[PDB]
Amino acid sequence: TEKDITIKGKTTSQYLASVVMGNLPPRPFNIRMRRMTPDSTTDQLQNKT
Amino acid sequence: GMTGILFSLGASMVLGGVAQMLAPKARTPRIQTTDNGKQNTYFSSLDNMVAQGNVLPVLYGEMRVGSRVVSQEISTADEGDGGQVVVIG
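Line by line, the protein sequences give chains Jc and Ia. Residues 149 to 197 (the entry's author numbering) are what the first sequence spells out, left to right. Residues 134 to 222 (the entry's author numbering) are what the second sequence spells out, left to right.
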């Protein structure tokens with residue numbers, strides 16, 4: 149894991165946030181992301197990333 | 134042969150002052166009306182100038198002073214200095 153992210157706000161607008169990292173490893177590589185909050189089950193929750 | 138017309142000049146030099154015969158005396162700057170009534174210093178620049186006409190200056194001790202700005206740029210910052218502590222709310 150290179151970096152974590154947590155958001156604890158309340159909004160209904162599409163909010164975009166930028167996070168930077170320093171690329172120490174050389175050579176072309178791959179980058180991935182994983183969501184820890186489980187997917188929505190009902191329509192009452194819509195936290196989509 | 135002979136070398137006439139010595140024409141001693143000890144009197145002429147004093148005509149401009151005697152303290153100048155041992156010290157060249159410090160130069161003085163001019164006064165700009167636009168810069169109110171402030172007096173410009175010849176050895177300090179508190180204001181931060183623009184890196185272009187002004188030659189690369191030199192420092193010789195103390196003197197919190199300005200600079201010659203080379204690049205000014207304003208952008209959008211990141212949320213988090215580093216580490217894993219990246220909370221927002």
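C-beta: ideal position from N, C-alpha, C; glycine also.
- DSSP places residue 151/Ia outside any alpha helix (DSSP H), giving it a letter other than H or E.
- When C-alpha distances from residue 195/Jc are compared across 170/Jc, 154/Jc, 179/Jc, the shortest belongs to 154/Jc.
- Going by C-alpha positions, residue 203/Ia is about 5 Å away from residue 184/Ia.
- Of all alpha-carbon atoms in 166/Jc, 191/Jc, 160/Jc, 161/Jc, the one lying nearest the alpha-carbon of residue 210/Ia is that of 166/Jc.
- Scanning chain Jc for C-beta atoms nearer than 9 Å to the C-beta of residue 221/Ia yields 153, 154, 155, 156, 157, 165, reported in chain order.
- Here residue 180/Ia has 199 as same chain residues with Cβ atoms under 7 Å from its own Cβ, once five neighbours each way along the sequence are excluded.
- Between residue 151/Jc and residue 222/Ia, the gap from beta carbon to beta carbon reaches 8 Å or more.
- Against chain Jc, the CB of residue 213/Ia has a partner CB under 8 Å away; the residue lies at that interface.
- Per DSSP, reduced to three states, the secondary structure at residue 135/Ia is coil, with no helix or strand assignment.
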